[PDB]
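Written below as structure tokens is the structure these notes are about.
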């Protein structure tokens with residue numbers, strides 16, 4: 001709503017990565033499956049993922065959320 005094309009992307013969350021990559025897969029075996037049922041299943045696998053699909057996902061959103069607090073400010077009206 002109050003974001004621009006030059007502004008930085010919102011702060012991604014670890015569960016948002018894992019789900020963001022497994023979102024188009026749950027819609028293939030479930031046509032019409034909204035983002036609630038697949039979000040309930042994914043969260044079950046996300047909390048079950050080991051370092052293969054969980055370590056590089058939290059270190060990409062955790063280090064991007066804290067940097068957004070200074071990025072958004074500097075881009076707000078420095």
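Residue numbers (PDB author numbering): 1 to 78. Ideal placement from N, C-alpha and C gives every residue a C-beta, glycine not left out.
First and last residue of the uninterrupted alpha helix (DSSP H) at residue i
{"i": "residue 56", "result": "55-77"}
{"i": "residue 20", "result": "14-26"}
Residue i in three-state terms, based on DSSP
{"i": "residue 37", "result": "helix"}
{"i": "residue 44", "result": "helix"}
Residue i versus residue j - alpha carbon distance
{"i": "residue 47", "j": "residue 15", "result": "9 Å"}
{"i": "residue 78", "j": "residue 60", "result": "26 Å"}
{"i": "residue 50", "j": "residue 8", "result": "30 Å"}
{"i": "residue 42", "j": "residue 73", "result": "33 Å"}
{"i": "residue 35", "j": "residue 27", "result": "9 Å"}
{"i": "residue 45", "j": "residue 38", "result": "11 Å"}
{"i": "residue 12", "j": "residue 64", "result": "7 Å"}
{"i": "residue 22", "j": "residue 76", "result": "33 Å"}
{"i": "residue 2", "j": "residue 52", "result": "36 Å"}
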